[PDB]
Number of protein chains: 2
Amino acid sequence: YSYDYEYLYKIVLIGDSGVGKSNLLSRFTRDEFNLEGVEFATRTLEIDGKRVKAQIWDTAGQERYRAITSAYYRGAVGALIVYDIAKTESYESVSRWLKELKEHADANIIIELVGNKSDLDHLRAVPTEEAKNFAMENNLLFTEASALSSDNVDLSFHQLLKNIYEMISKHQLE
Amino acid sequence: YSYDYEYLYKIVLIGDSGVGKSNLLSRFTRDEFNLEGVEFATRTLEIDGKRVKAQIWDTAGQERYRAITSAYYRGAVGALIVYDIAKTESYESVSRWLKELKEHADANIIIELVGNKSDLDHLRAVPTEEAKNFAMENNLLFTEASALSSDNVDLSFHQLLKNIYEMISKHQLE
Ligand SMILES: Nc1nc2c(ncn2[C@@H]2O[C@H](COP(=O)(O)OP(=O)(O)O)[C@@H](O)[C@H]2O)c(=O)[nH]1
Ligand SMILES: Nc1nc2c(ncn2[C@@H]2O[C@H](COP(=O)(O)OP(=O)(O)O)[C@@H](O)[C@H]2O)c(=O)[nH]1
Ligand SMILES: [Zn+2]
Ligand SMILES: [Zn+2]
Ligand SMILES: [Zn+2]
Ligand SMILES: [Zn+2]
């Protein structure tokens with residue numbers, strides 16, 4: 001048998017404007033997607049037998065013109081860095097978002113690199129192997145996804161929460 | 001170092017009308033007490049290094065005339081059975097509340113017996129040793145408390161949440 005309790009994880013979504021952060025959230029939490037306020041959404045799912053309440057934060061679009069404030073990252077245990085596989089610029093900015101996390105987020109936050117818009121294969125600018133190699137180099141989890149076609153969307157969120165739970169537990173047997 | 005995450009525990013308060021359930025809640029969550037809606041309150045505190053968000057439920061007084069519905073107990077990991085040390089009847093009803101928990105609450109809910117109104121020592125009807133012996137007999141945690149004078153109030157809630165966390169963890173090394 002198992003006891004009746006929940007884990008509270010705060011996750012933040014970061015990345016350049018237009019990479020599909022808000023559509024990743026609406027696809028995972030409400031299964032909706034829009035071709036071009038709601039501060040965060042919560043979905044609860046089972047991770048290795050345990051119930052995990054994931055509170056996933058999303059921007060209001062201010063990252064297009066200014067830097068995200070420190071309060072956005074506070075309390076977050078995981079983070080998704082989203083880029084556009086069809087936009088090189090959005091992939092080059094991954095280092096900037098890594099700087100943002102080191103500067104305002106928890107020192108041991110668990111990071112996952114997400115390559116969104118995998119449906120635009122005719123416009124692919126960033127090869128999967130380049131970003132996958134970069135993720136392992138910087139000890140980030142990695143997947144490509146498509147909020148439009150729902151490919152690997154649940155995988156991007158389940159992979160991070162599963163790694164958070166296991167990395168926490170593994171850290172607990174000190 | 002420790003990761004940034006929380007545990008969500010639902011706790012319910014049960015006992016006969018007038019034993020001091022609502023005043024136990026206001027004393028622990030808001031440090032207020034009244035001499036003779038708000039469905040539940042949440043207070044977060046540190047249990048053995050970890051952060052535990054306790055959601056403590058309280059009745060609207062319907063237990064005076066009818067039985068508490070099943071939905072009140074659903075999801076609860078712990079429960080406080082409160083009686084009046086100055087009212088024998090309220091102590092005799094502890095078996096009824098144990099029946100209520102077996103009937104509508106989780107099969108492995110952790111129960112604590114609380115003897116409230118310890119300040120009315122001139123009116124003591126239930127000796128501490130009788131209820132303490134009864135609690136160990138039925139594998140309940142036990143303390144006396146006074147919502148009026150704040151004695152053992154934080155102890156009654158901290159003792160239960162600490163036992164819940166450790167009993168869960170101890171159950172986890174299957
Ligand atoms: N083709 C495609 N377009 C997407 C995808 N995800 C988002 N978009 C589009 O990208 C634009 C910006 O998306 P949005 O979620 O607002 O990006 P955000 O600024 O990071 O939140 C929208 O017009 C979406 O239609 C995807 O997986 N595939
Ligand atoms: N002397 C004393 N009176 C108390 C204590 N706790 C509650 N009361 C009184 O008992 C009455 C009923 O308390 P209440 O919290 O509403 O009981 P409930 O029905 O179980 O919620 C109130 O008038 C309180 O003033 C206590 O620790 N000591
Ligand atoms: Zn957005
Ligand atoms: Zn910054
Ligand atoms: Zn009450
Ligand atoms: Zn019943």
# chains A, B, ... in the order shown; residues from 1 in each chain; ligands from 1
$ residues_around --residues "residue 34 (chain B)" --least-positions-apart "5" --cutoff "12 Å" --atoms "only C-alpha atoms" --output "PyMOL selection string"
chain B and resi 20-27+147-149
$ residues_near_ligand --ligand "ligand 1" --cutoff "10 Å" --atoms "only C-alpha atoms and all ligand atoms" --output "CSV table (one decimal) with N, CA, C and O atoms, in the first residue's frame"
chain,number,residue,atom,x,y,z
A,13,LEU,N,9.1,27.9,-17.2
A,13,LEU,CA,9.4,27.8,-18.6
A,13,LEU,C,10.1,29.1,-19.0
A,13,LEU,O,9.7,30.2,-18.7
A,14,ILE,N,11.3,28.9,-19.6
A,14,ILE,CA,12.1,30.1,-20.1
A,14,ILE,C,12.6,29.7,-21.5
A,14,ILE,O,12.5,28.6,-22.0
A,15,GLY,N,13.0,30.8,-22.2
A,15,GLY,CA,13.4,30.7,-23.6
A,15,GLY,C,13.0,32.0,-24.3
A,15,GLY,O,12.3,32.8,-23.7
A,16,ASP,N,13.5,32.2,-25.5
A,16,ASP,CA,13.2,33.5,-26.2
A,16,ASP,C,11.7,33.6,-26.6
A,16,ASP,O,11.0,32.6,-26.6
A,17,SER,N,11.3,34.8,-26.9
A,17,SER,CA,9.9,35.0,-27.3
A,17,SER,C,9.7,34.3,-28.7
A,17,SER,O,10.5,34.3,-29.6
A,18,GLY,N,8.5,33.6,-28.7
A,18,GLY,CA,8.1,33.0,-30.0
A,18,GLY,C,8.5,31.5,-30.1
A,18,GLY,O,8.2,30.9,-31.1
A,19,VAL,N,9.3,30.9,-29.1
A,19,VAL,CA,9.7,29.5,-29.2
A,19,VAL,C,8.6,28.6,-28.9
A,19,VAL,O,8.7,27.4,-29.3
A,20,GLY,N,7.5,29.0,-28.3
A,20,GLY,CA,6.4,28.1,-28.0
A,20,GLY,C,6.2,27.8,-26.6
A,20,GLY,O,5.7,26.7,-26.2
A,21,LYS,N,6.6,28.6,-25.6
A,21,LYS,CA,6.5,28.3,-24.2
A,21,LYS,C,5.1,28.3,-23.8
A,21,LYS,O,4.7,27.3,-23.1
A,22,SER,N,4.3,29.3,-24.1
A,22,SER,CA,2.9,29.3,-23.7
A,22,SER,C,2.1,28.2,-24.4
A,22,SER,O,1.2,27.6,-23.7
A,23,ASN,N,2.4,27.8,-25.6
A,23,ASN,CA,1.7,26.7,-26.3
A,23,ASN,C,2.1,25.4,-25.7
A,23,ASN,O,1.3,24.4,-25.7
A,24,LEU,N,3.4,25.2,-25.2
A,24,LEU,CA,3.8,24.0,-24.5
A,24,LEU,C,2.9,23.9,-23.2
A,24,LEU,O,2.5,22.7,-22.9
A,25,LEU,N,2.6,25.0,-22.5
A,25,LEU,CA,1.8,24.9,-21.3
A,25,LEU,C,0.4,24.5,-21.6
A,25,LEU,O,-0.2,23.6,-21.0
A,26,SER,N,-0.2,25.2,-22.6
A,26,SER,CA,-1.6,24.9,-22.9
A,26,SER,C,-1.8,23.5,-23.5
A,26,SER,O,-2.9,22.9,-23.3
A,27,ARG,N,-0.8,23.0,-24.1
A,27,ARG,CA,-0.9,21.6,-24.7
A,27,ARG,C,-0.8,20.6,-23.6
A,27,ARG,O,-1.5,19.6,-23.6
A,33,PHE,N,-3.9,24.3,-28.4
A,33,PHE,CA,-2.8,25.0,-29.1
A,33,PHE,C,-3.4,26.1,-30.0
A,33,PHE,O,-4.4,25.9,-30.7
A,34,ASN,N,-2.7,27.2,-30.0
A,34,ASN,CA,-3.2,28.4,-30.7
A,34,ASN,C,-2.1,29.0,-31.6
A,34,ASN,O,-1.0,29.2,-31.2
A,35,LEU,N,-2.5,29.3,-32.9
A,35,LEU,CA,-1.6,30.0,-33.8
A,35,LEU,C,-1.7,31.5,-33.5
A,35,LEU,O,-2.6,32.1,-33.9
A,36,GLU,N,-0.7,31.9,-32.7
A,36,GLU,CA,-0.7,33.3,-32.3
A,36,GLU,C,-2.0,33.7,-31.6
A,36,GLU,O,-2.4,33.2,-30.6
A,58,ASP,N,4.7,30.2,-16.5
A,58,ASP,CA,4.9,30.7,-17.9
A,58,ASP,C,4.9,32.2,-17.9
A,58,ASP,O,4.2,32.9,-17.1
A,59,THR,N,5.6,32.8,-18.8
A,59,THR,CA,5.7,34.3,-18.9
A,59,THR,C,4.5,34.9,-19.5
A,59,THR,O,3.6,34.2,-20.1
A,60,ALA,N,4.3,36.2,-19.4
A,60,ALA,CA,3.3,37.0,-20.1
A,60,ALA,C,3.9,37.6,-21.4
A,60,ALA,O,3.3,38.5,-21.9
A,61,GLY,N,5.1,37.1,-21.8
A,61,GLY,CA,5.7,37.6,-23.0
A,61,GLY,C,6.7,38.7,-22.8
A,61,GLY,O,7.2,39.3,-23.8
A,62,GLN,N,7.0,39.1,-21.6
A,62,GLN,CA,7.9,40.2,-21.4
A,62,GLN,C,9.3,39.9,-21.8
A,62,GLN,O,10.1,40.8,-22.0
A,63,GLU,N,9.7,38.6,-21.9
A,63,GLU,CA,11.1,38.3,-22.3
A,63,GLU,C,11.4,38.7,-23.7
A,63,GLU,O,12.6,38.6,-24.1
A,64,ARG,N,10.4,39.2,-24.5
A,64,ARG,CA,10.7,39.7,-25.8
A,64,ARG,C,11.5,41.0,-25.7
A,64,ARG,O,12.3,41.2,-26.6
A,81,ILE,N,14.2,25.0,-20.7
A,81,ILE,CA,14.7,26.0,-21.6
A,81,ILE,C,14.3,25.6,-23.0
A,81,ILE,O,14.7,24.6,-23.6
A,82,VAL,N,13.4,26.4,-23.6
A,82,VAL,CA,12.7,26.1,-24.8
A,82,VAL,C,13.4,26.9,-25.9
A,82,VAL,O,13.6,28.1,-25.7
A,83,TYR,N,13.7,26.3,-27.0
A,83,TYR,CA,14.2,27.0,-28.2
A,83,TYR,C,13.4,26.5,-29.4
A,83,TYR,O,12.7,25.6,-29.4
A,84,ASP,N,13.6,27.2,-30.5
A,84,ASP,CA,13.0,26.9,-31.8
A,84,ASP,C,14.0,26.2,-32.7
A,84,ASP,O,15.0,26.8,-33.0
A,85,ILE,N,13.7,24.9,-33.0
A,85,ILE,CA,14.6,24.2,-33.9
A,85,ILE,C,14.8,24.8,-35.2
A,85,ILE,O,15.7,24.6,-36.0
A,86,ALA,N,13.8,25.7,-35.6
A,86,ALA,CA,13.9,26.4,-36.9
A,86,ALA,C,14.5,27.8,-36.8
A,86,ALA,O,14.5,28.5,-37.8
A,115,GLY,N,13.6,21.3,-27.6
A,115,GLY,CA,13.6,21.8,-28.9
A,115,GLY,C,12.2,21.7,-29.5
A,115,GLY,O,11.9,20.7,-30.1
A,116,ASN,N,11.5,22.8,-29.5
A,116,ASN,CA,10.1,22.8,-29.9
A,116,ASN,C,10.0,23.0,-31.4
A,116,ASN,O,10.9,23.2,-32.1
A,117,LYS,N,8.7,22.8,-31.8
A,117,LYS,CA,8.3,23.0,-33.2
A,117,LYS,C,9.1,22.0,-34.1
A,117,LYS,O,9.6,22.3,-35.2
A,118,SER,N,9.1,20.7,-33.7
A,118,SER,CA,9.7,19.7,-34.5
A,118,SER,C,8.9,19.3,-35.7
A,118,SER,O,9.4,18.6,-36.6
A,119,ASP,N,7.7,19.9,-35.9
A,119,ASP,CA,6.9,19.7,-37.1
A,119,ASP,C,7.4,20.5,-38.3
A,119,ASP,O,7.1,20.1,-39.4
A,120,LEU,N,8.2,21.5,-38.1
A,120,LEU,CA,8.8,22.3,-39.2
A,120,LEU,C,10.1,21.7,-39.6
A,120,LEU,O,11.1,22.4,-39.5
A,121,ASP,N,10.1,20.5,-40.1
A,121,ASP,CA,11.3,19.8,-40.5
A,121,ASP,C,11.9,20.4,-41.7
A,121,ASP,O,13.1,20.3,-41.9
A,123,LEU,N,12.2,23.5,-42.2
A,123,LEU,CA,12.8,24.7,-41.8
A,123,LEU,C,13.8,24.5,-40.7
A,123,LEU,O,14.3,25.4,-40.0
A,144,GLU,N,13.3,16.9,-28.1
A,144,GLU,CA,12.6,17.7,-29.1
A,144,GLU,C,11.1,17.5,-28.9
A,144,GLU,O,10.7,16.5,-28.4
A,145,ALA,N,10.3,18.5,-29.2
A,145,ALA,CA,8.9,18.5,-29.0
A,145,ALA,C,8.2,19.3,-30.1
A,145,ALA,O,8.8,20.1,-30.8
A,146,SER,N,6.8,19.1,-30.1
A,146,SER,CA,6.0,19.9,-31.0
A,146,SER,C,4.7,20.2,-30.2
A,146,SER,O,3.9,19.3,-30.1
A,147,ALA,N,4.5,21.4,-29.8
A,147,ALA,CA,3.3,21.8,-29.1
A,147,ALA,C,2.1,21.7,-30.2
A,147,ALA,O,1.0,21.5,-29.8
A,148,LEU,N,2.4,21.9,-31.4
A,148,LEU,CA,1.4,21.9,-32.5
A,148,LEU,C,0.8,20.5,-32.7
A,148,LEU,O,-0.4,20.4,-32.7
A,149,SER,N,1.7,19.5,-32.8
A,149,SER,CA,1.3,18.2,-33.0
A,149,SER,C,1.3,17.3,-31.8
A,149,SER,O,1.0,16.1,-31.9
A,150,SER,N,1.6,17.8,-30.6
A,150,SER,CA,1.6,17.1,-29.3
A,150,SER,C,2.7,16.1,-29.2
A,150,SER,O,2.6,15.3,-28.3
A,151,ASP,N,3.7,16.1,-30.1
A,151,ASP,CA,4.7,15.1,-30.0
A,151,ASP,C,5.7,15.4,-28.9
A,151,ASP,O,6.2,16.5,-28.8
A,153,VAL,N,5.3,16.2,-26.0
A,153,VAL,CA,5.0,17.3,-25.0
A,153,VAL,C,4.9,16.7,-23.6
A,153,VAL,O,5.5,17.2,-22.7
$ closest_residue --among "A:72, A:134, A:65, A:5" --to "residue 92 (chain A)" --atoms "only C-alpha atoms"
A:134
$ closest_residue --among "A:135, A:164, A:155, A:114" --to "residue 11 (chain A)" --atoms "only C-alpha atoms"
A:164
$ residues_near_ligand --ligand "ligand 4" --cutoff "9 Å" --atoms "only C-alpha atoms and all ligand atoms" --output "number ranges by chain"
A: 67-70, 96-97, 99-104
$ write_last_selection --atoms "C-alpha atoms" --output "compact mmCIF listing (two decimals), in the first residue's frame"
# COMPACT_ATOMS: atom_id res chain seq x y z
CA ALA A 67 14.90 40.23 -18.71
CA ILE A 68 12.67 38.09 -16.50
CA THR A 69 12.70 39.26 -12.88
CA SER A 70 14.17 37.20 -10.04
CA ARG A 96 21.89 33.34 -21.87
CA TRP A 97 19.09 31.38 -20.19
CA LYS A 99 23.18 32.49 -17.13
CA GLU A 100 19.71 33.59 -15.98
CA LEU A 101 19.25 30.36 -14.02
CA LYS A 102 22.67 30.59 -12.35
CA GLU A 103 21.94 34.23 -11.47
CA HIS A 104 18.40 34.07 -10.05
$ interface_residues --of "chain B" --to "chain A" --cutoff "7 Å" --atoms "only C-alpha atoms" --output "VMD selection string"
chain B and resid 3 to 9 75 to 77 168
$ atom_distance --atom1 "CA of residue 40 (chain B)" --atom2 "atom 17 (O, counted along the ligand's line) of ligand 2"
14.7 Å
$ select_by_dssp --residues "region 1-149 of chain B" --states "helix (DSSP H, G or I)" --output "PyMOL selection string"
chain B and resi 21-29+62-64+70-72+88-92+94-104+121-123+128-137
$ closest_residue --among "B:127, B:88, B:80, B:133" --to "residue 156 (chain B)" --atoms "only C-alpha atoms"
B:80
$ select_by_dssp --residues "chain A" --states "strand (DSSP E)" --output "PyMOL selection string"
chain A and resi 6-15+40-47+50-57+78-84+110-116+141-144
$ write_last_selection --atoms "C-alpha atoms" --output "PDB file, in the first residue's frame"
ATOM      1  CA  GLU A   6       1.554  14.822  -2.689  1.00  0.00           C
ATOM      2  CA  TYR A   7       4.796  16.464  -3.779  1.00  0.00           C
ATOM      3  CA  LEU A   8       4.760  20.159  -4.710  1.00  0.00           C
ATOM      4  CA  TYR A   9       7.179  20.983  -7.537  1.00  0.00           C
ATOM      5  CA  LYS A  10       7.469  24.454  -9.056  1.00  0.00           C
ATOM      6  CA  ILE A  11       8.660  24.421 -12.675  1.00  0.00           C
ATOM      7  CA  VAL A  12       9.418  27.483 -14.797  1.00  0.00           C
ATOM      8  CA  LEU A  13       9.427  27.829 -18.579  1.00  0.00           C
ATOM      9  CA  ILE A  14      12.109  30.059 -20.112  1.00  0.00           C
ATOM     10  CA  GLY A  15      13.369  30.713 -23.618  1.00  0.00           C
ATOM     11  CA  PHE A  40       0.871  29.473 -14.103  1.00  0.00           C
ATOM     12  CA  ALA A  41      -1.024  26.197 -14.347  1.00  0.00           C
ATOM     13  CA  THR A  42      -0.944  23.032 -12.249  1.00  0.00           C
ATOM     14  CA  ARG A  43      -1.251  19.427 -13.412  1.00  0.00           C
ATOM     15  CA  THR A  44      -0.866  16.433 -11.097  1.00  0.00           C
ATOM     16  CA  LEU A  45       0.511  13.145 -12.429  1.00  0.00           C
ATOM     17  CA  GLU A  46       2.029   9.911 -11.137  1.00  0.00           C
ATOM     18  CA  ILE A  47       5.835   9.682 -11.042  1.00  0.00           C
ATOM     19  CA  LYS A  50       4.011   8.780  -6.169  1.00  0.00           C
ATOM     20  CA  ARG A  51       1.673  11.703  -6.838  1.00  0.00           C
ATOM     21  CA  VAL A  52       3.488  14.871  -7.938  1.00  0.00           C
ATOM     22  CA  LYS A  53       1.695  18.224  -8.170  1.00  0.00           C
ATOM     23  CA  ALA A  54       3.621  20.199 -10.795  1.00  0.00           C
ATOM     24  CA  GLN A  55       3.090  23.976 -10.734  1.00  0.00           C
ATOM     25  CA  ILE A  56       4.359  25.112 -14.141  1.00  0.00           C
ATOM     26  CA  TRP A  57       4.995  28.837 -14.594  1.00  0.00           C
ATOM     27  CA  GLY A  78      12.970  22.448 -12.346  1.00  0.00           C
ATOM     28  CA  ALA A  79      13.173  24.508 -15.507  1.00  0.00           C
ATOM     29  CA  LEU A  80      12.564  23.969 -19.220  1.00  0.00           C
ATOM     30  CA  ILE A  81      14.744  25.972 -21.605  1.00  0.00           C
ATOM     31  CA  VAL A  82      12.735  26.062 -24.838  1.00  0.00           C
ATOM     32  CA  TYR A  83      14.221  26.992 -28.203  1.00  0.00           C
ATOM     33  CA  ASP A  84      12.983  26.915 -31.792  1.00  0.00           C
ATOM     34  CA  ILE A 110      17.362  20.680 -12.621  1.00  0.00           C
ATOM     35  CA  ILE A 111      17.343  21.918 -16.216  1.00  0.00           C
ATOM     36  CA  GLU A 112      15.928  20.383 -19.394  1.00  0.00           C
ATOM     37  CA  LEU A 113      16.585  21.681 -22.914  1.00  0.00           C
ATOM     38  CA  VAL A 114      13.495  21.464 -25.139  1.00  0.00           C
ATOM     39  CA  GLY A 115      13.631  21.814 -28.915  1.00  0.00           C
ATOM     40  CA  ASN A 116      10.107  22.837 -29.853  1.00  0.00           C
ATOM     41  CA  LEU A 141      18.052  16.682 -19.970  1.00  0.00           C
ATOM     42  CA  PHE A 142      16.969  16.962 -23.573  1.00  0.00           C
ATOM     43  CA  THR A 143      14.111  16.271 -25.951  1.00  0.00           C
ATOM     44  CA  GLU A 144      12.584  17.724 -29.071  1.00  0.00           C
TER      45      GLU A 144
END
$ closest_residue --among "B:131, B:38, B:161, B:105" --to "ligand 6" --atoms "only C-alpha atoms and all ligand atoms"
B:105
$ atom_distance --atom1 "CA of residue 162 (chain A)" --atom2 "CA of residue 132 (chain A)"
18.8 Å
$ atom_distance --atom1 "CA of residue 31 (chain B)" --atom2 "CA of residue 154 (chain B)"
10.1 Å
$ decode --residues "region 63-114 of chain B" --atoms "C-alpha atoms" --output "mmCIF file, in the first residue's frame"
data_model
loop_
_atom_site.group_PDB
_atom_site.id
_atom_site.type_symbol
_atom_site.label_atom_id
_atom_site.label_comp_id
_atom_site.auth_asym_id
_atom_site.auth_seq_id
_atom_site.Cartn_x
_atom_site.Cartn_y
_atom_site.Cartn_z
ATOM 1 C CA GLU B 63 -21.177 17.180 13.960
ATOM 2 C CA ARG B 64 -23.389 18.515 16.770
ATOM 3 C CA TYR B 65 -26.496 17.048 15.117
ATOM 4 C CA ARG B 66 -25.423 14.733 12.269
ATOM 5 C CA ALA B 67 -22.545 12.582 11.070
ATOM 6 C CA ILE B 68 -19.734 14.105 9.020
ATOM 7 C CA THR B 69 -19.963 13.154 5.347
ATOM 8 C CA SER B 70 -17.411 10.948 3.599
ATOM 9 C CA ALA B 71 -15.938 13.723 1.432
ATOM 10 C CA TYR B 72 -14.532 15.420 4.546
ATOM 11 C CA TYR B 73 -12.118 12.532 5.164
ATOM 12 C CA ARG B 74 -11.149 11.881 1.532
ATOM 13 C CA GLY B 75 -7.471 12.503 0.837
ATOM 14 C CA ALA B 76 -6.542 12.974 4.500
ATOM 15 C CA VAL B 77 -3.241 11.463 5.635
ATOM 16 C CA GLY B 78 -3.641 12.352 9.322
ATOM 17 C CA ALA B 79 -6.428 13.034 11.781
ATOM 18 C CA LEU B 80 -6.770 14.583 15.235
ATOM 19 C CA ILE B 81 -9.491 13.154 17.473
ATOM 20 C CA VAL B 82 -10.193 15.943 19.969
ATOM 21 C CA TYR B 83 -12.057 15.413 23.231
ATOM 22 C CA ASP B 84 -12.757 17.548 26.293
ATOM 23 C CA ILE B 85 -10.789 16.464 29.360
ATOM 24 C CA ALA B 86 -13.624 18.020 31.399
ATOM 25 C CA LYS B 87 -16.405 16.100 29.587
ATOM 26 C CA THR B 88 -16.535 12.314 29.946
ATOM 27 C CA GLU B 89 -19.056 12.033 27.111
ATOM 28 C CA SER B 90 -16.618 13.570 24.630
ATOM 29 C CA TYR B 91 -14.018 10.984 25.663
ATOM 30 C CA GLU B 92 -16.457 8.074 25.369
ATOM 31 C CA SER B 93 -17.179 9.225 21.801
ATOM 32 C CA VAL B 94 -13.562 8.538 20.770
ATOM 33 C CA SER B 95 -14.595 5.014 19.765
ATOM 34 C CA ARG B 96 -17.314 6.508 17.556
ATOM 35 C CA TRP B 97 -14.757 8.721 15.807
ATOM 36 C CA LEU B 98 -12.490 5.699 15.371
ATOM 37 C CA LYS B 99 -15.444 4.003 13.672
ATOM 38 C CA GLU B 100 -15.902 7.071 11.456
ATOM 39 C CA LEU B 101 -12.257 6.920 10.361
ATOM 40 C CA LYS B 102 -12.383 3.192 9.586
ATOM 41 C CA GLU B 103 -15.606 3.754 7.627
ATOM 42 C CA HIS B 104 -14.777 6.788 5.473
ATOM 43 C CA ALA B 105 -11.073 7.623 5.786
ATOM 44 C CA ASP B 106 -8.002 6.018 4.240
ATOM 45 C CA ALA B 107 -7.214 2.579 5.632
ATOM 46 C CA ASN B 108 -3.752 3.652 6.847
ATOM 47 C CA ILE B 109 -4.538 7.146 8.134
ATOM 48 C CA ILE B 110 -2.404 8.144 11.128
ATOM 49 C CA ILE B 111 -4.485 9.135 14.152
ATOM 50 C CA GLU B 112 -3.661 11.297 17.170
ATOM 51 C CA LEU B 113 -5.842 11.618 20.274
ATOM 52 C CA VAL B 114 -5.901 15.178 21.643
#
